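A.B. asks: Below are the structure tokens for one structure; questions will follow.
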Amino acid sequence: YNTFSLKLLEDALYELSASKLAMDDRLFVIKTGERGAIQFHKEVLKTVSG
Amino acid sequence: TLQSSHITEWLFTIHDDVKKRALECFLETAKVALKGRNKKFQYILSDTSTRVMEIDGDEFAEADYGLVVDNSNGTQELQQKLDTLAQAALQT
Amino acid sequence: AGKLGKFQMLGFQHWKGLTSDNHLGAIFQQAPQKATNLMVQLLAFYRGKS
Amino acid sequence: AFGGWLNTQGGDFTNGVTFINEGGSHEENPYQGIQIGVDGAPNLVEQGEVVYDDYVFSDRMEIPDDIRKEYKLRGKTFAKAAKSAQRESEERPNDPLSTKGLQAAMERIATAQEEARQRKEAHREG
Amino acid sequence: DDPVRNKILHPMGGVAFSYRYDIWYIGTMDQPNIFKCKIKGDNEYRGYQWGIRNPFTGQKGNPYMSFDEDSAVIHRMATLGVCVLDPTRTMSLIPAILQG
Amino acid sequence: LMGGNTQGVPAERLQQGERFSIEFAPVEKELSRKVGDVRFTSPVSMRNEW
Amino acid sequence: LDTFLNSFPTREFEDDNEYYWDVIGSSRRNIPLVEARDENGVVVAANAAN
Amino acid sequence: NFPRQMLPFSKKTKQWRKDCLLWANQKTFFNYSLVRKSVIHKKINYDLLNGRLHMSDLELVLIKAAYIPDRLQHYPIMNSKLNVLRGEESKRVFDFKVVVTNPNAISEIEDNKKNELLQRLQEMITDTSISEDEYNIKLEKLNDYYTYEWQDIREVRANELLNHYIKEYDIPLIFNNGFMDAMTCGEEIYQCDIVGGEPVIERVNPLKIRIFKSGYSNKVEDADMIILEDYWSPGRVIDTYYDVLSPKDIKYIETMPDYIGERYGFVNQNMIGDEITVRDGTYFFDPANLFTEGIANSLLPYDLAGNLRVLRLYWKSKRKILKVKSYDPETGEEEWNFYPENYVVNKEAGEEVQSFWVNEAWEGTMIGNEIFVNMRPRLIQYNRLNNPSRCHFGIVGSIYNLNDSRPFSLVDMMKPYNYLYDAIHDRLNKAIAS
Amino acid sequence: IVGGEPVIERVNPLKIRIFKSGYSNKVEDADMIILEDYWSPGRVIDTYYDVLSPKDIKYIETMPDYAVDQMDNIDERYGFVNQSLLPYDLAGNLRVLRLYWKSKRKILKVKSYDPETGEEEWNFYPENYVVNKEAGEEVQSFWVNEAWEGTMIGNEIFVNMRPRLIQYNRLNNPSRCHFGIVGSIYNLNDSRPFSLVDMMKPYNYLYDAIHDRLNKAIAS
Amino acid sequence: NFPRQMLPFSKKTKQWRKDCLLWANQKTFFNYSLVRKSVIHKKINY
Amino acid sequence: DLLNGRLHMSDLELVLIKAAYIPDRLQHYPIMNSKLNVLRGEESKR
Amino acid sequence: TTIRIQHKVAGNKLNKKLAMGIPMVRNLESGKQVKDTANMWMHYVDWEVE
Ligand SMILES: [Mg+2]
């Protein structure tokens, strides 16, 4: 990617785990760097401002 | 097959030696474990044996006090000599 | 790679592989020993108290 | 409990010294001491004293300079000098030379404490 | 976040490898997904190639000389690997400036 | 070039300022010969006056 | 990087030069159609009757 | 560089004891001992008795696949030779008891220590008995001991220690496994130690013990420095070191990745060449210049399976002591005593002193590479009466050699015949096939 | 101990997984030991009648008597056999997995002075012991092995996950414990064992090939 | 992963004890002992 | 060395090697051991 | 993957004490340099080979 989008990431962590994983078995811990979390924070901020 | 046991007795003779010193070493190792606040050694030792530790000589080896771990032929004759004397003392 | 104070005359140094005695002298870790019991007086018959 | 003991190799080995800690001072402890025994009957001790063969080395006194160069003591107190006489014998409780080295050194600090207690007693009554 | 190994910087501040998202564990598998492979129990080499003395092990005298120099050469060799049984249990998300 | 690369490295990735770091030293399995080396360092000092 | 690679378990391999693991799918499957034919052997087009 | 052991005890600090263990880990896997053989030579003799035939030990190799048209079937005809002699030893009688060597030799220092014992028993029966209710029956117990002598009370204790623990540990099986190790490599070694408060005894794997600094001595007790490497479980290190392992050191055990489970790892010293060949896991070398193959020679990896690695180093350092000549107060007898270096001499009473440097047995242990534990002077100093310097460790054993050589084992004199049996039984298995 | 009375069985050497042994030729020296067998439904209630819930008796009863994932996914690798993983057998037998493992218990080593005589005493207390200050009690906290156990029956039954009640305790170690499983390996010098069958198996394979050529010479 | 054993007695709850069994599930496939032969080698012997 | 199973080729013939291979060296067969080992086993039983 | 390393030193460095003009340091695995007080040279080589 170039531009991060969380609407794709929730649509891509779900389609491989839709009816194959349980409801308690969907905690998705993302491992990244210090700057990846701010790219994550500014895009959760754009969901909750929509 | 006695004279074929003569051929391999050179293995047992050094092996009976290592069984002597591995019990001479274990006896000194057990002697230090007495003076280590161990409530087991009051069960396997008597009244008078649990009092030897307080005399100021229990740190040294028992070879310096005149005691050896001896499995020889003399101590097996003596072990029988005290037994046939015991039954012959029982009768009469 | 520069200086942090004014009198940082030393620079960080580095090398690779086989180290000789010369690599141990250029990093200032070899010094001539002083035989302290060895002390000499130059032989003369001094006549200053004469 | 690391006070004058070598708790190693599954056993509890001591060198004779009883390091007495964690009770409190004679004023601060409610039971006026630790009360280690019933012998007098209230044998009272505090956070600093050490015992070797029922002899108490006091932690509230000090070391006179006369009784320091004599007897060659190292600690600033008699308890802190008997805490320095057993530093060799702490790691070696069953060494025969170290038990002889300890008991010979423990009678010196026992002698030097009776010399300093006599000098303090004689000066105050005078 | 390492700036020694990751050398491409990202235009939004900081290194570009730190903008990579990776979900290493997805669900329960009933086995290790990611584990370290190792042959016959860790097996490793500690060779030594020395002349009249060995500075490494501290040894003067050689009954069986390697060469005649005044030296000592150490050799160390090890074989090793990593395994991912199910790579569909892992999802990556990589910046494209790192070039594939 | 390792990794099975056949078409080569692009010439815009071999320019002045390209930084090279040490990954590892892979050897052949049969009849390998010695590779790799070992890297050292040394510090600096500072000063002040009255 | 070292404490990343310490959270992963270990497995002793009996030497050899390569390892295989067998992955499995599902036994249930839907099969596409090539064409249907009626009773007289001719095919069913799209613009046909029932 | 081993650190200087010619120091006062105050300069044997935390980092000095740690520097002795970092030396034994790093440098020594040397295996240069004058009277004992090499670890790959003993391991072949063990592998011949588990039925594994090394093709690099009966020819020059020119395979590694487990099939007969390029390997050689083994026919274990040396096992049944050795299983008679470990079978006879199990059926020999085992009555090892402590005896007085001269029971009719009772002296005055013996008779004083008996009277110290009977006084110290007499103080106990006054305190325990509640006003003559059992003071008469406790006195009847020790009226028997008025006839007992000091060399008998010392022996009754020394037999009661052995008679229990022989019967508990099945010590005749610890020894019977050792005699089997006596006939394959010629090394029989036993370690006696205080573990968990009690004395234990274990036989030491002769591939896992390094005996340094001995003088063509057949006795393992004569050595100065013994390093014992093994792979202990995490449960066995807490059974032994529950008492000395910091909570930080428990988190080293508790942060271990998982499990794995004789290829620990191989060292080769005096390598003539650089060309090493390995992809299955054993290292192949120059044909005649080198070993030509590597059978594990060391325990390099700090954790195999979940099992940790426990390196124990026992070493003789030097201790400064004092010999003091003091006169008896009552009569004019010069008496010699031995005091350590911190004892101050009582002058003005005639005490003449001289300082001697004397062996002291030390020990230290590292578990893995982060835990450093029990770095102290060894608390079982195997002491002798008139000798301050004569000690050893728990490790006791013997080499079965002739005249300070390396031991010509019973397997070693039957291995050339068993290699030829495999050579001729391969012509037979190809004559049957055609 | 089953049924209130002690028993002793033999462990099938194919049905035990001995973890974390230290090149020991013994079985009590293991830090973790897994016993996987298939039990009759009578034996899972002769053993666990007093701890099974009516939910879990239903699982023993209303198993199909010839398992599916949470999102209805059929586990397709249940239908393969080699030349476990199968909670109920096709003979009406339930998977019984028993995990024994040495945990870590924090304990205290407490130094007490005797009241009457001036002699120190040592005891061991668990970590919920509050120390008796103003009486000289010095305390140091150790970590110590504690044998735990647990049992799974099929896939849904989880029974007797608790510290093991037969702690094989020794008098001086608070940490020397093991499980009920005791055994020994008949090996030589920390190796894998060379059995009697293994040392005769190359000769039994040679007998079958030459009794083959004998039988094809008899036939022709 | 086998959960933490360096816990107090209070944090060894029901879900913790259930985690040790679900770790131990499907671990009977492999071999884990340095002094045992494999189950595919002893089943040939029986 | 004969009793330790070492053969020196410079004692049974003039040699005209240092590679220990039976196509140039000789294999020793230690048969003087069990002749001497009877007599040392009879010392231990007198 | 099969890897390999090698260091070569001169023979005179067996007992080569360091007269430390600047303090001799060891590289940590974390990237830091830590000041050391040891004076023999082969203590610092054998740190860096591992
Ligand atoms: Mg009793």
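Positions of Cβ are generated from backbone atoms using ideal geometry, with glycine treated the same way; all protein chains shown enter the neighbour counts. Please treat every number below as a calculation from the coordinates, not as lab data.
A.B. asks: What are the ³J(HN,Hα) values, in whole Hz, obtained from phi via the Karplus relation 6.51 cos²θ - 1.76 cosθ + 1.60 with θ = phi - 60°, for each residue of segment K:23-28 in sequence order, with x given for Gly and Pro?
C.D. replies: x, 10, 8, 10, 7, 8
A.B. asks: Oh, and also: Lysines near B:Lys81 by alpha-carbon distance under 26 Å, same-chain residues fewer than 8 away left out - which ones?
C.D. replies: B:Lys19, B:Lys20, H:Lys91, H:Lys97, H:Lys167, K:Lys45
A.B. asks: Post the alpha-carbon centroid distance, segment I:20-49 to segment E:21-84, in whole angstrom.
C.D. replies: One Cα centre to the other: 37 Å.
A.B. asks: May I pose another question? Shielding of K:36-46 by partners, i.e. mean partner chain Cβ atoms within 10 Å per residue? Kindly include the intermediate steps, with their values, before the conclusion.
C.D. replies: On the way: counts 3, 6, 8, 2, 6, 11, 3, 4, 6, 6, 0.
The shielding value for this peptide is 5.
A.B. asks: Hey, fewest Cβ within 10 Å first, where do E:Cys83, J:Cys20 land in order?
C.D. replies: Least crowded to most crowded, the residues run E:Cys83, J:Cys20.
A.B. asks: Classify chain D: rounded, prolate or oblate, from the alpha-carbon gyration tensor (a ≥ b ≥ c, eigenvalue square roots; a/c under 1.5 rounded; otherwise prolate if a/b is larger than b/c)? It would help to have the intermediate numbers written out before the result.
C.D. replies: Numbers: a/c = 2.15, a/b = 1.19, b/c = 1.81.
Oblate.
A.B. asks: Provide the per-residue ³J(HN,Hα) series for segment E:48-58, in order, calculated from phi with Karplus coefficients 6.51, -1.76, 1.60 and θ = phi - 60°, each as a whole number of Hz, with x at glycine and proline positions.
C.D. replies: The phi angles translate into 8, 10, 9, x, 8, 8, 10, x, 5, 8, x Hz.
A.B. asks: OK, next. Under a straight-distance cross-link criterion of Cα-Cα below 23 Å, which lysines are reachable from E:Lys60, leaving out those fewer than 8 residues away in the same chain?
C.D. replies: Result set, ordered by chain and number: H:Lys27, H:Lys37, H:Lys213, H:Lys316, L:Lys8, L:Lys13, L:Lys16, L:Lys17.
A.B. asks: Other chains near H:295-304: what is the mean number of their Cβ atoms within 10 Å of each residue's Cβ?
C.D. replies: 3
A.B. asks: Does chain I classify as rounded, prolate or oblate by the C-alpha gyration tensor (a ≥ b ≥ c root eigenvalues; a/c under 1.5 gives rounded; else a/b over b/c gives prolate, otherwise oblate)? The partial results should precede the final answer.
C.D. replies: Working: a/c = 3.27, a/b = 1.58, b/c = 2.07.
Taking the square roots of the gyration eigenvalues as a ≥ b ≥ c, chain I is oblate.
A.B. asks: Kindly put H:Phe285, G:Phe13, D:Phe2 in sequence by how many other C-beta atoms sit within 10 Å of each C-beta, fewest to most.
C.D. replies: D:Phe2, G:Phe13, H:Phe285
A.B. asks: Still on this structure, please answer the following. Hey, got the average number of other protein chain Cβ atoms within 10 angstrom for residues in I:97-104?
C.D. replies: Per-residue shielding by partner chains comes out at 6.
A.B. asks: Enumerate the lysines that H:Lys430 could reach by cross-link, defined here as Cα to Cα under 21 Å, with residues fewer than 8 away along the same chain left out.
C.D. replies: Counting by Cα, and skipping residues close in sequence, H:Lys430 has these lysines nearby: H:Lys64, I:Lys201, I:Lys216.
A.B. asks: Given R₀ = 56 Å, FRET efficiency for I:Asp72-B:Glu54 by Cβ-Cβ distance, to 0.05?
C.D. replies: Calculated value: 0.15.
A.B. asks: Right, another one. Using the structure shown, select from D:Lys72/I:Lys111; H:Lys14/H:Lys42; I:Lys109/J:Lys11; B:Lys35/H:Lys114; I:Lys20/J:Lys12; H:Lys219/H:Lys320 the pairs with a Cα to Cα distance greater than 30 angstrom. Intermediate values should be presented prior to the final figure.
C.D. replies: Values: D:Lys72/I:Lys111 33 Å; H:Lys14/H:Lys42 38 Å; I:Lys109/J:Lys11 22 Å; B:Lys35/H:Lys114 20 Å; I:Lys20/J:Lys12 22 Å; H:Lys219/H:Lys320 27 Å.
The answer is D:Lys72/I:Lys111; H:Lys14/H:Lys42.
A.B. asks: In whole Å, how far is the Cα centre of segment H:105-165 from that of segment H:239-305?
C.D. replies: Taking the Cα centre of segment H:239-305 as reference, the centre of segment H:105-165 is 55 Å away.
A.B. asks: Let me ask something additional. What is the dipole size for segment H:243-312, taken about its Cα centre, with +1 at each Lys and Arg Cβ and -1 at each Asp and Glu Cβ, in debye to the nearest 20?
C.D. replies: It works out to roughly 240 debye.
A.B. asks: Would you mind ranking G:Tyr20, E:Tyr64 so that the residue whose beta carbon has the fewest other beta carbons within 10 Å leads the list?
C.D. replies: Ordered from fewest to most neighbouring Cβ atoms within 10 Å, G:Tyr20, E:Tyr64 come out as G:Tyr20, E:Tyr64.
A.B. asks: So in the protein assembly as shown, what percent of DSSP beta bridges are antiparallel if you round to the nearest 5?
C.D. replies: If I count the DSSP bridges inside the protein assembly as shown, around 95 percent turn out antiparallel.
A.B. asks: For segment I:69-93 and segment K:4-46, compute the distance between their C-alpha centroids and round to whole Å.
C.D. replies: 66 Å
A.B. asks: Ok, one more. Which shape class, rounded, prolate or oblate, goes with the protein assembly as shown when its Cα gyration tensor gives a ≥ b ≥ c as root eigenvalues, a/c under 1.5 marks rounded, and past that a/b bigger than b/c marks prolate? Walk me through the intermediate numbers first.
C.D. replies: Values: a/c = 1.40, a/b = 1.30, b/c = 1.07.
Rounded, since a/c falls under 1.5.
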